[PDB]
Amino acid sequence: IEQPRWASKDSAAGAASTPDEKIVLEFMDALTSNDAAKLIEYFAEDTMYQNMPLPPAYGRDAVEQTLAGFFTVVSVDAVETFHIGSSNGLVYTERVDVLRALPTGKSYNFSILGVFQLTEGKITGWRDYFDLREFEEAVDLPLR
């Protein structure tokens, strides 16, 4: 994965400088685990996860079921975070995720800007904004 022309050292992942930013990076590295059970430990009970604008999951159970489901048809092979930053209690990640569909073995590069809200070090909110034109094809589940 190439680092973009527009990448800024000033906001590089290696320069994360808050407890919140550090946890989110750690959550990013954990994604390649494809382990809903390891990942849900990062979330608060009162929480949410959405791939905009698909139906969101509210509550830690729903988030766990949504993740478990994705990891059933899809592997997260790599996460490259170009930018991490934060403002007003929100953390932002500009990044690329490499996704591989399990039934097909086809790989995909999704350019993603995500926002995270954390309360007492745990995720109360997670929204990834990206193009879902291929996400349709990549995730062998109805986008519903």
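From 1 onward, residues are counted along the sequence shown.
In this crystal structure, the stretch out of 39 to 47 and 87 to 95 whose C-alpha atoms carry the higher mean B factor is 39 to 47. Note on 122 to 130 vs 8 to 16: mean CA B-factor is higher in 8 to 16. Looking at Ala57, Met28, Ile112, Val76, the one whose CA carries the top B-factor in the deposited record is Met28. For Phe82, the recorded CA temperature factor ranks within the middle third of the chain's modelled residues. In this PDB entry, the Cα temperature factor of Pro103 sits in the top third of its chain's modelled residues, the highest group.
In the PDB entry, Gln65 places in the lowest third of its chain by CA B-factor.
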